[PDB]
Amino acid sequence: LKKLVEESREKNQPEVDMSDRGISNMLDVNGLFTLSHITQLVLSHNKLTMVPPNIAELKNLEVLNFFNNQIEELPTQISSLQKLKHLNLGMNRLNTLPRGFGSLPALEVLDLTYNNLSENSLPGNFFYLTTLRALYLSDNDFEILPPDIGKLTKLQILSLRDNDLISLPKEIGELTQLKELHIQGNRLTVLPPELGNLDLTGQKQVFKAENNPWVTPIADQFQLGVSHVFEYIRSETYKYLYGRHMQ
């Protein structure tokens, strides 16, 4: 570990790979936080339980990967990374995010897959992350997706696979750039008609919704195909039935 730091400063290597090296504490990696030049840091598959505030010193980070550690909380300093575009916090033990996490000004891909997050885990300014184009929330404990999801206007990918959602917010219909919506494995029975404003029937698009207790006509339409589903939830018939299902 003292050779991936020294060689990175001698040959000016912007990318640091410390995947699967049995690291239990970032402060124990000699000289790691002196490498202010680096733009990529990979610490996936280690034994981290925390991230120190020193993370802010790596001010040029564009890619930061903590996939598959045991991280239980993050320092507020995580959001001072002005150049951060990719952040992988997947497969950890997060049930909260720190104050002001939504202050990251350049974040494009945020991966929070397989943690212990719910809507209450998100800070008040989470949806200030308007530069996001991919948000992965798979394998978490969301029951309700906040309507401010609609503020993420550049979002192309949204995964809510295997959460606890009882409803989808109609504001998802405001995501005009969306290409992928993953909602398998929740507790959804109906779709909001406003989803029909979107079109996810394209070859390059994805709409995965299996393993939900859909009402029979929606389940039936899935069995016919995604084109039929979207045609149906746009129909006057569905709108009539949806209005009565809600009341």
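The first residue of the shown sequence is 1; numbering continues from there.
Given the B-factors recorded for C-alpha atoms, which segment has the greater mean, 224-232 or 8-16? Going by the record's values, the stretch with the higher mean is 8-16.
Please work out which of 165-173 and 86-94 has the higher mean CA B-factor as recorded in the PDB entry. If you average the C-alpha B-factors of 165-173 and of 86-94, the larger mean comes out for 165-173.
Going by the entry, which of 198, 181, 43, 188 has the most elevated CA B factor? Result of the comparison over 198, 181, 43, 188: 198.
Checking the record values for 69, 216, 212, 65, which has the greatest CA B factor? In this record, 216 carries the highest C-alpha B-factor of the candidates.
Among the chain's modelled residues, which third holds the C-alpha B-factor of residue 51? Residue 51: CA B-factor falls in the lowest third of its chain.
Based on the deposited C-alpha B factors for this chain, I'd like to know if residue 124 is in the lowest, middle or highest third. Ranked within chain, residue 124 CA B lands in the highest tercile.
Considering every modelled residue of the chain and its Cα B-factor in the PDB entry, is residue 147 in the lowest, middle or highest third? As the PDB entry reports it, the C-alpha B-factor of residue 147 lands in the highest third of its chain.
Going by the entry, which third of its chain does the Cα temperature factor of residue 153 land in? As the PDB entry reports it, the C-alpha B-factor of residue 153 lands in the highest third of its chain.
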